[PDB]
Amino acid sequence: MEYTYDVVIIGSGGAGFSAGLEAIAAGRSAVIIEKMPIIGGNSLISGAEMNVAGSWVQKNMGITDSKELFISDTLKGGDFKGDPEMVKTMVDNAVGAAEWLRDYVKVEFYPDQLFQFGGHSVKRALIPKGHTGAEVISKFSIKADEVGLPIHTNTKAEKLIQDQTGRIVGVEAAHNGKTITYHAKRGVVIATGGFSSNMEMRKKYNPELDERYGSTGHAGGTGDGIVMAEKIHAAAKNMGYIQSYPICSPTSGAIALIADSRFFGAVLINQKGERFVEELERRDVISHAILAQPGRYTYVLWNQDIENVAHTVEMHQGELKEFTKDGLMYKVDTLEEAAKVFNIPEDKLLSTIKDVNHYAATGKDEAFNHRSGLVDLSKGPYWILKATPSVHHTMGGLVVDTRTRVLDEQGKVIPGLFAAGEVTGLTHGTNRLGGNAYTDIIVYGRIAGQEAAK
């Protein structure tokens, strides 16, 4: 079997859909091939909250942002290990990318709602209607059907076709036991995401990312795009830069949204009954601290007073039922009960909370310098939850320029090969700021399809 298009995009996430739509919009034949039976990848189960400095939503609310502030926030976030030109091009194209989603893809964002992720000087993350990436992916596939962009599911790319001159001329994929050849007259776009769900690749670049980390993403995020491109001598950088989330379900690895009480006074307790880290540190700092505790897990503990402010138990009854059923979460009346259900030394826990109560009563956390201020925990009932970290984002990946052209190890452009999204590795640095991944995949996805189409 043999297909021939101008642009062959691998991956039906946000990056691939943007590349595919821009290629078709330029008057070229394109196709998206998707390995999974469903479209969307991690972009589907994502919050799809998009950081934009100068958005129409900010103007509606009276918020004045700045592109240079957005740029410096992102660079300082990755400890200046990110590429300044890649960050600048992302920030400079964020407004146009968000307006493109609103006007071309018909994505509906909330007009009077934004979120401020950690490390952002100004609240700037747009929120899609429904607080889900499905709003974006549904509008993408609807738009793709209107413009005639075919999406081939259950089609796994396995080999890049390189001709005598070194130009990438197509993709060899597997569909229904059979070898499909995808001839790409103009370019191939690699939009395959990261490898957070590839434990053996994780260990290769960081032996500590073994079973003590879960994955917050889908099963398909296995880094196929990096292995494919490297076999034709593409460069990969920063493969060890990995973003984690510290409070995840030990069973599934998913982010434990019921433990968002951490932002309202919840404390992290280890098996000894002690606090060990500021609950509002960087996500990677908290995960590393959790892995230094006995057993490599932590407890999350709060009371009704905090729930009356956070409402995380009320807003996430599914997690409440699952965690309690699996024996990883209890609701108890007293701190003594909270200790015994998890065999925490009672006297050491009572003394720990007493210190928290004192820190709350004087405004200073003498133990870990809580930057918001601890909250009294004298009254119950209490919720106590057991959590472990999970790998969230692989900042490393393929080496590209600001035109998404893939470079080899000497830094030379590989003709016909483009990459955008989490599969690239030059934008974020050592820490991926919240809401920045979606700005990255839409901005560079659009560029990839525009560059591939010429």
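Residues carry their position along the shown sequence, with the first being 1.
Here 399-407 and 49-57 are compared by their mean Cα B-factor, and 399-407 comes out higher.
Relative to one another, 175-183 and 271-279 have unequal mean CA B-factors, and 175-183 is the one with the higher figure. The residue among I127, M239, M90, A97 whose C-alpha carries the highest B-factor in the deposited model is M239.
Among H120, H218, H316, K159, the highest C-alpha B-factor in the deposited entry belongs to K159. When the CA B factors of the chain's modelled residues are split into thirds, the value for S43 lands in the lowest one.
When the modelled residues of the chain are ordered by C-alpha B-factor, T430 sits in the highest third.
Ranked by Cα temperature factor within the chain, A452 sits in the middle third according to the deposited record. Among all modelled residues in its chain, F263 ranks in the lowest third by Cα B-factor.
Among the modelled residues of the chain, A26 sits in the highest third by CA temperature factor in this PDB entry.
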